[PDB]
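The structure appears right after this line, and notes come after that.
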Amino acid sequence: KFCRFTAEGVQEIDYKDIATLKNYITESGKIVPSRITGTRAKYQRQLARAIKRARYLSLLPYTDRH
Amino acid sequence: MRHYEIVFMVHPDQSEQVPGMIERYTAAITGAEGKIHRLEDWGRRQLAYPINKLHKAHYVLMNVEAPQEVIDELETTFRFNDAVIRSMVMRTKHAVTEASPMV
Amino acid sequence: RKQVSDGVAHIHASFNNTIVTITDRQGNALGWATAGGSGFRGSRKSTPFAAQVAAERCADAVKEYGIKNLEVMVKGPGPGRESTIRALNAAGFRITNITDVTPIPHXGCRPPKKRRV
Amino acid sequence: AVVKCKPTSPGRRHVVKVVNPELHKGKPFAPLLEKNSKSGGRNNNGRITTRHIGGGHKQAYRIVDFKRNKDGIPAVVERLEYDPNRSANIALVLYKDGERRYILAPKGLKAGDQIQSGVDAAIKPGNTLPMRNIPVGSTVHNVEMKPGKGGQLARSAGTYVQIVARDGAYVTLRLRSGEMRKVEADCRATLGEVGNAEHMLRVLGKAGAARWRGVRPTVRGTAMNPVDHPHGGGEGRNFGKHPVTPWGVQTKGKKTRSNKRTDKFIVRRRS
Amino acid sequence: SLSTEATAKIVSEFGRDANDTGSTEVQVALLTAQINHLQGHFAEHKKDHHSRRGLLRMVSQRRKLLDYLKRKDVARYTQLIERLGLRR
Amino acid sequence: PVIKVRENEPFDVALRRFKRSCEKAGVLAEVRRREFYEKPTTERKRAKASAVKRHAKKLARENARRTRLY
RNA sequence: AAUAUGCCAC
RNA sequence: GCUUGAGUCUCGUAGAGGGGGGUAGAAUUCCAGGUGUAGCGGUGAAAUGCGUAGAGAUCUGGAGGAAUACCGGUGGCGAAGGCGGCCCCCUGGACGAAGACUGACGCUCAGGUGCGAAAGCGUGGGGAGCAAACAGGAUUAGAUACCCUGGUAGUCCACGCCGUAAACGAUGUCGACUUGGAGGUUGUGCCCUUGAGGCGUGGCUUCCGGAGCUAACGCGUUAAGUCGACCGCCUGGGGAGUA
Ligand SMILES: [Mg+2]
Ligand SMILES: [Mg+2]
Ligand SMILES: [Mg+2]
Ligand SMILES: [Mg+2]
Ligand SMILES: [Mg+2]
Ligand SMILES: [Mg+2]
Ligand SMILES: [Mg+2]
Ligand SMILES: [Mg+2]
Ligand SMILES: [Mg+2]
Ligand SMILES: [Mg+2]
Ligand SMILES: [Mg+2]
Ligand SMILES: [Mg+2]
Ligand SMILES: [Mg+2]
Ligand SMILES: [Mg+2]
Ligand SMILES: [Mg+2]
Ligand SMILES: [Mg+2]
Ligand SMILES: [Mg+2]
Ligand SMILES: [Mg+2]
Ligand SMILES: [Mg+2]
Ligand SMILES: [Mg+2]
Ligand SMILES: [Mg+2]
Ligand SMILES: [Mg+2]
Ligand SMILES: [Mg+2]
Ligand SMILES: [Mg+2]
Ligand SMILES: [Mg+2]
Ligand SMILES: [Mg+2]
Ligand SMILES: [Mg+2]
Ligand SMILES: [Mg+2]
Ligand SMILES: [Mg+2]
Ligand SMILES: [Mg+2]
């Protein structure tokens, strides 16, 4: 119920692990707020960066309907 | 000598030409004295959204220790090579020699 | 004349009017009906009942194509998002997919200036 | 360099001059010059066909290579030169086999630059390749309209043509006029814009500056007499005519293209 | 931002000890090296005002240190400006 | 906000699930936000005002918890 | 949806 | 001479700090076409406007410009103005830990110089959307306004100029001292990471409040408390920030 990344000690959310990245995007492809997901601010920023890079690399959708 | 992560996704029709691409690129970097530290071919993956009406593409990852100059010639290579449909090169804090999460 | 069986119903419900269009799965329109054409002007043109009437009229106008099931795609923020789908299912088409396709720019252009009524 | 002059005299007050310092200050390359006699606008009948031409400084034609035929032989830009016959500057280049030539100077070129023509030329400014090898979205100059005929599009100073698409054996180009024209894929082209882009910023400042370029005075039609021009005549400054050329054709907005032979290569007008 | 090796060379060539990183001539030489390096950057980035502010800060720090050196020990100041090529 | 009516899913519950999916995506809120253009000064001002009122409400709430009324 | 104005000591 | 001010070096840190270059998807608009009919669009109602010359709707493919949904946070950075997609190159500042180094090298600043939102101006481009001006419809006694339908400059870029804003935490910069509480953000140490825990210590930041201060409202360790250094500024209102 806390930030899983600071629970695990990982300090960067690598954008190549879509299995983790999916946990933090709504089914409509939007990023889930840090309030909802419980992630602390630093990892939320890192997570948003990684999500955006994955969206560029087509590993995640920019949105559900394309 | 800066650590780079190069991900480029290739037109599926050129899946046979991807090994040649990799060999010539690694030859260019090693000639420029830069070291490739990681290299893995994701194969042909489906796309989360169509690119140029293409729904599948051949992903290549490679982490290098190349000079910024030779990285820029690889930039122009990806630009003027019509098979590489999308490329992204990133500076990393350090070299990564582990195994990518998609392996 | 042409038989399509499996159709797609685009509802376009703005704050002032609801346009319901039945097409095949290729975007080829088969018919349409509007809350303004169903006999509603001004105050009443944009009410869920008006949207219901328009959807019913469109369903009846697209009858001879023999449409059995419909995808449903909803666009706009208008009141005609609810009663329109209700009226479609009451008409009898098997509603198999309901999607919101409202345009949401990912920034996008600059909206019109705010009114001062 | 766009350097305004100083108003030391009424003729120099408004003069603005583009002083490029990289231009060669010596004499042009001799073996590529030719005699270029003026005409005055007179054709072989001796009548003035194109008015408002005559006089002007004597000039010598520089055989500029608009074909870039010598392909596969790299050429180093010996120097840049002033060409009187055109708005752009030219570039004396020297191939590796000892032949010197003149080319249109592309933007950003200098002495010592390497250039090359052919299919395997490096896609860099100054080089020449067929358009089936030039990437889409490129900006080019010295565009050929027929394969091997020679460059004809985008040769003035600072102009360029954008390759917007490729459809089979044709490629679609956006020209400086805004026109959208189809050109065979094998027509050559040279990369980059044309140099001397500042050329349009120069202000002549006086009538003599125009006369130095062989541009005779231009009498307004309404100053003439009714026998001389449709606009002429009038006790005072009168008009009342729809503006027309001296030969009666309406001159404001009346389109005059009529080439159905080549209407099939125009994808969109400039309007 | 001078490279670490460049900083080491400047300290070694201007200070008494290789660990003498705080000496007045060491500081002035570091500031001069960075300013000379940044001149080329600001020849091609005229509108980089925020970086120009840091450059001006280094200019003023060098001026203050040079005034301190001059009013303290003059001979060291003269030798330093000779080795650095600063007019005053 | 795309839904798929599943096996043995009646129309009314399919519509209800679609309603809740649309609200979860918040689409109508964004459309009513984008209907007009509001200046950046207005955006900042109203964001600050909403935050201020939320803080005041919560302080009043967990302060009146320590208050007897009747 | 429209809904302007109010000079004579106190 | 000394080092506790000031500064440099060593290691890392977080960030919409800046300049340059490229690219991504969503969306509006336009162009070509396909299906497809009589409405659409708009309003408090309405009309102007668009449409049977086939609109609106829907689908395909292009073009081009501008801005970057979600993340998003009285969150972050910046001297201020301000800065938010992603990537790369150049680059400024802040901060923390341990040590070494220099040894008052400092604080302020008239005149001076630089930066300085938006509007605006000059030249050359660009122009999707929005929109002063403008035109039409409506409202009204009037309506050169609000509302509606269109629409040009301009918003966009390169360079140059303007140098003003409720440029505001209406609070000059620097330094020292003087009860607390609840957060937020960014490091760093200890142990037990024994369940993301506590225990400290730094930096910045938000709200409440104590003594004190204040005309009161209020400020309240980020003072408007107690003092020091320097600068700017005020002397009834209007005239007038005008001549
Ligand atoms: Mg409106
Ligand atoms: Mg003759
Ligand atoms: Mg003429
Ligand atoms: Mg004239
Ligand atoms: Mg006349
Ligand atoms: Mg006469
Ligand atoms: Mg005569
Ligand atoms: Mg005659
Ligand atoms: Mg006549
Ligand atoms: Mg006359
Ligand atoms: Mg007369
Ligand atoms: Mg007269
Ligand atoms: Mg008359
Ligand atoms: Mg002053
Ligand atoms: Mg402006
Ligand atoms: Mg004006
Ligand atoms: Mg302008
Ligand atoms: Mg202009
Ligand atoms: Mg326009
Ligand atoms: Mg009017
Ligand atoms: Mg208007
Ligand atoms: Mg002022
Ligand atoms: Mg402000
Ligand atoms: Mg403020
Ligand atoms: Mg003030
Ligand atoms: Mg000061
Ligand atoms: Mg701050
Ligand atoms: Mg308080
Ligand atoms: Mg006071
Ligand atoms: Mg004045």
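Going through the structure tokens in order, the chains are called A, B, and so on, while each chain numbers its residues from 1 and the ligands are numbered from 1 in the order shown.
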Set the cut-off to 12 Å, count only C-alpha atoms (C1' of nucleotides) and all ligand atoms, and list whatever residues fall near ligand 15 as a ChimeraX atom specification. /H:117-121,154-156,162
#### Entry: Backbone-only DSSP, helix (DSSP H, G or I) members of range 2-70 of chain E, as a count of residues only
54
**Request:** Could you please write out, as a PyMOL selection string, every residue of range 28-101 of chain B that DSSP assigns to strand (DSSP E or B)?
**Result:** chain B and resi 35-51+54-66+84-91
Could you save the residues just selected, with N, CA and C atoms, as a CSV table (one decimal), in the first residue's frame?
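Output contents, as saved in again-v4.csv:
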chain,number,residue,atom,x,y,z
B,35,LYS,N,32.9,0.3,-27.3
B,35,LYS,CA,32.6,-1.1,-26.9
B,35,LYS,C,31.1,-1.3,-26.9
B,36,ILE,N,30.6,-2.3,-27.5
B,36,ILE,CA,29.2,-2.8,-27.3
B,36,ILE,C,29.2,-3.6,-26.0
B,37,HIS,N,28.3,-3.2,-25.0
B,37,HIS,CA,28.3,-3.9,-23.8
B,37,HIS,C,27.1,-4.9,-23.7
B,38,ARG,N,26.0,-4.6,-24.3
B,38,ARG,CA,24.9,-5.5,-24.3
B,38,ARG,C,24.2,-5.5,-25.7
B,39,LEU,N,23.6,-6.6,-26.1
B,39,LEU,CA,23.0,-6.7,-27.4
B,39,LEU,C,21.9,-7.8,-27.3
B,40,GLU,N,20.7,-7.4,-27.6
B,40,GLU,CA,19.7,-8.5,-27.6
B,40,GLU,C,18.6,-8.2,-28.6
B,41,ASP,N,18.2,-9.2,-29.4
B,41,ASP,CA,17.2,-9.0,-30.4
B,41,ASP,C,15.8,-9.5,-29.9
B,42,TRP,N,14.9,-8.5,-29.7
B,42,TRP,CA,13.6,-8.9,-29.2
B,42,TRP,C,12.8,-9.7,-30.2
B,43,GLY,N,13.3,-9.9,-31.4
B,43,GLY,CA,12.6,-10.6,-32.5
B,43,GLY,C,11.5,-9.7,-32.9
B,44,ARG,N,10.5,-10.3,-33.6
B,44,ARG,CA,9.3,-9.6,-34.1
B,44,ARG,C,8.2,-9.5,-33.0
B,45,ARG,N,7.9,-8.3,-32.5
B,45,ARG,CA,6.9,-8.1,-31.5
B,45,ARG,C,5.8,-7.3,-32.1
B,46,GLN,N,4.6,-7.6,-31.6
B,46,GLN,CA,3.4,-6.9,-32.0
B,46,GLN,C,3.5,-5.5,-31.4
B,47,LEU,N,2.8,-4.5,-32.1
B,47,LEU,CA,2.9,-3.1,-31.7
B,47,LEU,C,1.6,-2.7,-30.9
B,48,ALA,N,1.8,-1.9,-29.9
B,48,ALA,CA,0.7,-1.3,-29.1
B,48,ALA,C,-0.1,-0.4,-30.0
B,49,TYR,N,0.4,0.2,-31.0
B,49,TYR,CA,-0.3,1.0,-32.0
B,49,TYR,C,0.4,1.0,-33.3
B,50,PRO,N,-0.4,1.0,-34.4
B,50,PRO,CA,0.2,0.9,-35.7
B,50,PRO,C,1.2,2.0,-36.0
B,51,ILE,N,2.3,1.6,-36.6
B,51,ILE,CA,3.3,2.6,-37.1
B,51,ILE,C,3.3,2.5,-38.7
B,54,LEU,N,1.8,-0.5,-40.0
B,54,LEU,CA,2.5,-1.7,-39.7
B,54,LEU,C,2.2,-2.1,-38.2
B,55,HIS,N,1.7,-3.3,-38.0
B,55,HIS,CA,1.3,-3.8,-36.7
B,55,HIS,C,2.3,-4.7,-36.0
B,56,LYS,N,3.4,-5.0,-36.7
B,56,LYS,CA,4.4,-5.8,-36.1
B,56,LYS,C,5.8,-5.3,-36.5
B,57,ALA,N,6.8,-5.5,-35.7
B,57,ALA,CA,8.1,-5.0,-36.1
B,57,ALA,C,9.2,-5.7,-35.2
B,58,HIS,N,10.4,-5.6,-35.8
B,58,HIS,CA,11.5,-6.4,-35.2
B,58,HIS,C,12.4,-5.5,-34.4
B,59,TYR,N,12.4,-5.7,-33.1
B,59,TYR,CA,13.1,-4.8,-32.1
B,59,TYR,C,14.5,-5.2,-31.9
B,60,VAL,N,15.4,-4.3,-31.8
B,60,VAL,CA,16.8,-4.5,-31.5
B,60,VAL,C,17.2,-3.6,-30.4
B,61,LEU,N,17.9,-4.2,-29.4
B,61,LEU,CA,18.5,-3.4,-28.3
B,61,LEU,C,20.0,-3.6,-28.3
B,62,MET,N,20.7,-2.5,-28.0
B,62,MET,CA,22.1,-2.7,-27.8
B,62,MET,C,22.7,-1.5,-27.0
B,63,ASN,N,23.4,-1.9,-26.0
B,63,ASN,CA,24.1,-0.9,-25.1
B,63,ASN,C,25.5,-0.8,-25.5
B,64,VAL,N,26.0,0.4,-25.7
B,64,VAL,CA,27.3,0.6,-26.2
B,64,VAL,C,28.1,1.6,-25.3
B,65,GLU,N,29.4,1.7,-25.5
B,65,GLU,CA,30.3,2.6,-24.9
B,65,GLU,C,31.0,3.4,-26.0
B,66,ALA,N,30.2,4.1,-26.8
B,66,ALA,CA,30.7,4.7,-28.0
B,66,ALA,C,30.9,6.2,-27.8
B,84,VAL,N,14.8,1.1,-40.9
B,84,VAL,CA,14.7,1.4,-39.5
B,84,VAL,C,13.5,2.3,-39.3
B,85,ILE,N,12.3,1.8,-38.9
B,85,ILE,CA,11.2,2.7,-38.9
B,85,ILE,C,11.1,3.6,-37.7
B,86,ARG,N,11.9,3.3,-36.6
B,86,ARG,CA,11.9,4.1,-35.5
B,86,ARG,C,13.1,3.8,-34.6
B,87,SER,N,13.8,4.8,-34.1
B,87,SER,CA,15.0,4.7,-33.4
B,87,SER,C,15.0,5.6,-32.2
B,88,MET,N,15.6,5.2,-31.1
B,88,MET,CA,15.7,6.0,-29.9
B,88,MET,C,17.0,5.6,-29.2
B,89,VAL,N,17.9,6.6,-29.0
B,89,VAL,CA,19.2,6.5,-28.4
B,89,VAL,C,19.2,7.3,-27.1
B,90,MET,N,19.6,6.7,-26.0
B,90,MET,CA,19.6,7.3,-24.7
B,90,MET,C,20.9,7.3,-24.0
B,91,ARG,N,21.3,8.4,-23.4
B,91,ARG,CA,22.4,8.4,-22.5
B,91,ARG,C,22.0,7.7,-21.2
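You will find CA of residue 201 in chain D at 8.6 Å from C1' of residue 123 in chain H.
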request  = Find the residues near range 77-92 of chain D: any atom within 6 Å, counting only C-alpha atoms (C1' of nucleotides), skip ones fewer than 3 places away on the same chain, and give them as JSON, numbers by chain.
outcome  = {"D": [23, 24, 101, 102, 103, 104, 105, 111, 112, 113, 156, 157, 196]}
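Atom to atom, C1' of residue 6 in chain H and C1' of residue 223 in chain H stand 27.2 Å apart.
With only C-alpha atoms (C1' of nucleotides) taken into account, the protein and nucleic acid residues at most 9 Å from range 2-4 of chain A (excluding it and anything under 4 positions from it in its own chain) are residues 8, 9, 10, 37, 38, 39, 40 and 43 of chain A; 196 of chain H.
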Convert the current residue selection to file output with N, CA and C atoms (P, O5', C5', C4', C3', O3' and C1' of nucleotides), as a PDB file, in the first residue's frame.
ATOM      1  N   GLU A   8      11.260  -2.061  -2.591  1.00  0.00           N
ATOM      2  CA  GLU A   8      12.189  -2.995  -3.215  1.00  0.00           C
ATOM      3  C   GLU A   8      13.614  -2.470  -3.320  1.00  0.00           C
ATOM      4  N   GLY A   9      13.827  -1.169  -3.150  1.00  0.00           N
ATOM      5  CA  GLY A   9      15.144  -0.590  -3.272  1.00  0.00           C
ATOM      6  C   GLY A   9      15.539  -0.166  -4.668  1.00  0.00           C
ATOM      7  N   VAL A  10      14.724  -0.459  -5.681  1.00  0.00           N
ATOM      8  CA  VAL A  10      15.037  -0.027  -7.037  1.00  0.00           C
ATOM      9  C   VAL A  10      14.905   1.488  -7.126  1.00  0.00           C
ATOM     10  N   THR A  37      -2.050   5.311  -6.774  1.00  0.00           N
ATOM     11  CA  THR A  37      -1.165   4.154  -6.790  1.00  0.00           C
ATOM     12  C   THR A  37      -0.275   4.054  -5.562  1.00  0.00           C
ATOM     13  N   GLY A  38      -0.215   5.086  -4.729  1.00  0.00           N
ATOM     14  CA  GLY A  38       0.595   5.038  -3.534  1.00  0.00           C
ATOM     15  C   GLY A  38       2.077   5.228  -3.750  1.00  0.00           C
ATOM     16  N   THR A  39       2.508   5.532  -4.967  1.00  0.00           N
ATOM     17  CA  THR A  39       3.928   5.701  -5.230  1.00  0.00           C
ATOM     18  C   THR A  39       4.404   7.058  -4.734  1.00  0.00           C
ATOM     19  N   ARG A  40       5.605   7.086  -4.165  1.00  0.00           N
ATOM     20  CA  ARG A  40       6.179   8.348  -3.738  1.00  0.00           C
ATOM     21  C   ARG A  40       6.585   9.179  -4.954  1.00  0.00           C
ATOM     22  N   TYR A  43       9.626   8.303  -7.541  1.00  0.00           N
ATOM     23  CA  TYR A  43       9.346   7.182  -8.415  1.00  0.00           C
ATOM     24  C   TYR A  43       8.147   7.445  -9.302  1.00  0.00           C
TER      25      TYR A  43
ATOM     26  P     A H 196       9.821  -1.518   7.576  1.00  0.00           P
ATOM     27  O5'   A H 196       9.494  -0.145   6.840  1.00  0.00           O
ATOM     28  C5'   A H 196      10.516   0.596   6.191  1.00  0.00           C
ATOM     29  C4'   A H 196      10.005   1.268   4.943  1.00  0.00           C
ATOM     30  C3'   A H 196       8.612   1.864   5.031  1.00  0.00           C
ATOM     31  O3'   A H 196       8.599   3.131   5.659  1.00  0.00           O
ATOM     32  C1'   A H 196       8.811   0.618   3.036  1.00  0.00           C
TER      33        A H 196
END
Open item on the list: Counting only C-alpha atoms (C1' of nucleotides) and all ligand atoms, what are the residues, protein, DNA or RNA alike, that approach ligand 6 to within 12 Å? I want them as a ChimeraX atom specification.
Closed with: /D:219-229,231-238
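Any residue of chain A with an atom no more than 6 Å from chain B counts as a contact; using only C-alpha atoms, that gives residues 17, 58, 59, 60 and 61 of chain A.
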Could the residues in this selection be written to a file with C-alpha atoms, as a short mmCIF file (atom, residue, chain, number, x, y, z; two decimals), in the first residue's frame?
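Result file part_24.cif:
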data_model
loop_
_atom_site.label_atom_id
_atom_site.label_comp_id
_atom_site.auth_asym_id
_atom_site.auth_seq_id
_atom_site.Cartn_x
_atom_site.Cartn_y
_atom_site.Cartn_z
CA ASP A 17 9.68 -3.89 -18.19
CA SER A 58 5.23 1.37 -29.01
CA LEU A 59 5.56 -0.99 -26.06
CA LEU A 60 2.53 0.79 -24.57
CA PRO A 61 -0.42 2.53 -26.21
#
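The protein and nucleic acid residues lying at most 7 Å from residue 78 in chain C are residues 13, 14 and 15 of chain C, with only C-alpha atoms (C1' of nucleotides) considered and sequence neighbours fewer than 5 positions away removed.
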Find the residues near ligand 21. Use a cut-off of 9 Å, count only C-alpha atoms (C1' of nucleotides) and all ligand atoms, and write them as a PDB file with N, CA and C atoms (P, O5', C5', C4', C3', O3' and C1' of nucleotides), in the first residue's frame.
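Result went into part38.pdb, see below:
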ATOM      1  N   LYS C 113     -12.894  31.323 -26.849  1.00  0.00           N
ATOM      2  CA  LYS C 113     -12.860  32.099 -25.624  1.00  0.00           C
ATOM      3  C   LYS C 113     -14.123  31.861 -24.806  1.00  0.00           C
TER       4      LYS C 113
ATOM      5  P     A H 131     -12.787  33.049 -30.715  1.00  0.00           P
ATOM      6  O5'   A H 131     -12.005  34.417 -30.913  1.00  0.00           O
ATOM      7  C5'   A H 131     -11.397  35.085 -29.821  1.00  0.00           C
ATOM      8  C4'   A H 131     -10.449  36.145 -30.308  1.00  0.00           C
ATOM      9  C3'   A H 131     -11.075  37.221 -31.177  1.00  0.00           C
ATOM     10  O3'   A H 131     -11.612  38.278 -30.409  1.00  0.00           O
ATOM     11  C1'   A H 131      -9.155  36.354 -32.247  1.00  0.00           C
ATOM     12  P     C H 148     -21.447  33.195 -27.945  1.00  0.00           P
ATOM     13  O5'   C H 148     -22.236  33.090 -29.314  1.00  0.00           O
ATOM     14  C5'   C H 148     -23.350  32.225 -29.432  1.00  0.00           C
ATOM     15  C4'   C H 148     -24.021  32.381 -30.767  1.00  0.00           C
ATOM     16  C3'   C H 148     -23.105  32.299 -31.969  1.00  0.00           C
ATOM     17  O3'   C H 148     -22.830  30.967 -32.342  1.00  0.00           O
ATOM     18  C1'   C H 148     -24.536  34.161 -32.186  1.00  0.00           C
ATOM     19  P     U H 149     -21.350  30.553 -32.775  1.00  0.00           P
ATOM     20  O5'   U H 149     -21.382  30.678 -34.357  1.00  0.00           O
ATOM     21  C5'   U H 149     -22.577  30.440 -35.081  1.00  0.00           C
ATOM     22  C4'   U H 149     -22.562  31.154 -36.406  1.00  0.00           C
ATOM     23  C3'   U H 149     -21.208  31.260 -37.077  1.00  0.00           C
ATOM     24  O3'   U H 149     -20.813  30.068 -37.729  1.00  0.00           O
ATOM     25  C1'   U H 149     -22.292  33.351 -37.168  1.00  0.00           C
ATOM     26  P     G H 150     -19.254  29.767 -37.951  1.00  0.00           P
ATOM     27  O5'   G H 150     -18.871  30.704 -39.173  1.00  0.00           O
ATOM     28  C5'   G H 150     -17.540  31.144 -39.372  1.00  0.00           C
ATOM     29  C4'   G H 150     -17.503  32.345 -40.276  1.00  0.00           C
ATOM     30  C3'   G H 150     -16.148  33.003 -40.449  1.00  0.00           C
ATOM     31  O3'   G H 150     -15.350  32.352 -41.420  1.00  0.00           O
ATOM     32  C1'   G H 150     -17.775  34.653 -39.998  1.00  0.00           C
ATOM     33  P     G H 151     -13.777  32.159 -41.182  1.00  0.00           P
ATOM     34  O5'   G H 151     -13.213  33.644 -41.093  1.00  0.00           O
ATOM     35  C5'   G H 151     -13.312  34.536 -42.192  1.00  0.00           C
ATOM     36  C4'   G H 151     -13.034  35.958 -41.777  1.00  0.00           C
ATOM     37  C3'   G H 151     -11.678  36.203 -41.141  1.00  0.00           C
ATOM     38  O3'   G H 151     -10.648  36.357 -42.098  1.00  0.00           O
ATOM     39  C1'   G H 151     -13.343  37.194 -39.810  1.00  0.00           C
TER      40        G H 151
END
Practice prompt. Step by step, measure atom-to-atom distances between ligand 23 and each residue using only C-alpha atoms (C1' of nucleotides) and all ligand atoms, keep those at most 10 Å, then write them as a PyMOL selection string.
Written response: (chain F and resi 41) or (chain H and resi 80-82+117+165-168)
So that I have them on file, write out the residues from the current selection with N, CA and C atoms (P, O5', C5', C4', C3', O3' and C1' of nucleotides), as a PDB file, in the first residue's frame.
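Dumped everything to out-v2.pdb:
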ATOM      1  N   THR F  41      -3.805  32.290 -15.834  1.00  0.00           N
ATOM      2  CA  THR F  41      -4.048  32.930 -14.548  1.00  0.00           C
ATOM      3  C   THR F  41      -5.292  32.362 -13.886  1.00  0.00           C
TER       4      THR F  41
ATOM      5  P     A H  80      13.740  34.010  -8.315  1.00  0.00           P
ATOM      6  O5'   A H  80      13.063  35.124  -9.220  1.00  0.00           O
ATOM      7  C5'   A H  80      12.375  36.204  -8.620  1.00  0.00           C
ATOM      8  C4'   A H  80      12.190  37.349  -9.578  1.00  0.00           C
ATOM      9  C3'   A H  80      11.294  37.094 -10.772  1.00  0.00           C
ATOM     10  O3'   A H  80       9.918  37.152 -10.456  1.00  0.00           O
ATOM     11  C1'   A H  80      13.244  38.201 -11.479  1.00  0.00           C
ATOM     12  P     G H  81       8.900  36.121 -11.139  1.00  0.00           P
ATOM     13  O5'   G H  81       8.801  36.635 -12.635  1.00  0.00           O
ATOM     14  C5'   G H  81       8.273  37.915 -12.918  1.00  0.00           C
ATOM     15  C4'   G H  81       8.546  38.326 -14.340  1.00  0.00           C
ATOM     16  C3'   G H  81       7.994  37.419 -15.423  1.00  0.00           C
ATOM     17  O3'   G H  81       6.616  37.619 -15.670  1.00  0.00           O
ATOM     18  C1'   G H  81      10.220  37.956 -15.924  1.00  0.00           C
ATOM     19  P     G H  82       5.595  36.385 -15.630  1.00  0.00           P
ATOM     20  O5'   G H  82       6.477  35.136 -16.058  1.00  0.00           O
ATOM     21  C5'   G H  82       6.470  34.663 -17.395  1.00  0.00           C
ATOM     22  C4'   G H  82       7.731  33.901 -17.701  1.00  0.00           C
ATOM     23  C3'   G H  82       7.563  32.419 -17.980  1.00  0.00           C
ATOM     24  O3'   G H  82       7.236  32.158 -19.333  1.00  0.00           O
ATOM     25  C1'   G H  82       9.278  32.734 -16.392  1.00  0.00           C
ATOM     26  P     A H 117      10.213  39.551 -21.446  1.00  0.00           P
ATOM     27  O5'   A H 117       8.763  38.934 -21.273  1.00  0.00           O
ATOM     28  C5'   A H 117       8.582  37.781 -20.477  1.00  0.00           C
ATOM     29  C4'   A H 117       7.147  37.588 -20.069  1.00  0.00           C
ATOM     30  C3'   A H 117       6.094  37.788 -21.137  1.00  0.00           C
ATOM     31  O3'   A H 117       6.003  36.690 -22.021  1.00  0.00           O
ATOM     32  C1'   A H 117       5.378  38.734 -19.086  1.00  0.00           C
ATOM     33  P     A H 165       4.491  50.724 -15.404  1.00  0.00           P
ATOM     34  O5'   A H 165       3.630  49.418 -15.667  1.00  0.00           O
ATOM     35  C5'   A H 165       3.871  48.238 -14.924  1.00  0.00           C
ATOM     36  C4'   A H 165       2.709  47.287 -15.002  1.00  0.00           C
ATOM     37  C3'   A H 165       2.553  46.366 -13.814  1.00  0.00           C
ATOM     38  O3'   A H 165       1.854  46.990 -12.756  1.00  0.00           O
ATOM     39  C1'   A H 165       2.420  45.109 -15.800  1.00  0.00           C
ATOM     40  P     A H 166       2.628  47.513 -11.453  1.00  0.00           P
ATOM     41  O5'   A H 166       1.971  46.669 -10.287  1.00  0.00           O
ATOM     42  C5'   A H 166       0.562  46.507 -10.224  1.00  0.00           C
ATOM     43  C4'   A H 166       0.196  45.120  -9.772  1.00  0.00           C
ATOM     44  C3'   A H 166      -0.012  44.099 -10.878  1.00  0.00           C
ATOM     45  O3'   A H 166       0.407  42.823 -10.417  1.00  0.00           O
ATOM     46  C1'   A H 166      -1.979  44.287  -9.612  1.00  0.00           C
ATOM     47  P     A H 167       1.460  41.988 -11.276  1.00  0.00           P
ATOM     48  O5'   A H 167       2.559  43.062 -11.670  1.00  0.00           O
ATOM     49  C5'   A H 167       3.696  43.276 -10.856  1.00  0.00           C
ATOM     50  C4'   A H 167       4.914  42.610 -11.438  1.00  0.00           C
ATOM     51  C3'   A H 167       6.225  42.873 -10.731  1.00  0.00           C
ATOM     52  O3'   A H 167       6.391  42.098  -9.562  1.00  0.00           O
ATOM     53  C1'   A H 167       6.532  43.121 -13.037  1.00  0.00           C
ATOM     54  P     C H 168       6.746  42.824  -8.182  1.00  0.00           P
ATOM     55  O5'   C H 168       5.658  42.268  -7.171  1.00  0.00           O
ATOM     56  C5'   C H 168       5.972  41.200  -6.291  1.00  0.00           C
ATOM     57  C4'   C H 168       4.729  40.503  -5.817  1.00  0.00           C
ATOM     58  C3'   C H 168       4.003  39.691  -6.880  1.00  0.00           C
ATOM     59  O3'   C H 168       3.427  38.539  -6.280  1.00  0.00           O
ATOM     60  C1'   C H 168       2.563  41.357  -6.038  1.00  0.00           C
TER      61        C H 168
END
Q: Give as a VMD selection string the residues surrounding ligand 28 up to a distance of 7 Å, considering only C-alpha atoms (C1' of nucleotides) and all ligand atoms.
A: chain H and resid 208 to 209 219 to 220
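Omitting residue 114 in chain C and its sequence neighbours fewer than 6 positions away, and counting only C-alpha atoms (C1' of nucleotides), the residues within 8 Å are residues 36, 37 and 38 of chain F.
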Keeping only C-alpha atoms, take the residues you just selected and write them out as a PDB file, in the first residue's frame.
ATOM      1  CA  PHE F  36     -13.928  27.060 -23.517  1.00  0.00           C
ATOM      2  CA  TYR F  37     -10.425  28.420 -23.060  1.00  0.00           C
ATOM      3  CA  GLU F  38      -9.582  29.589 -19.551  1.00  0.00           C
TER       4      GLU F  38
END
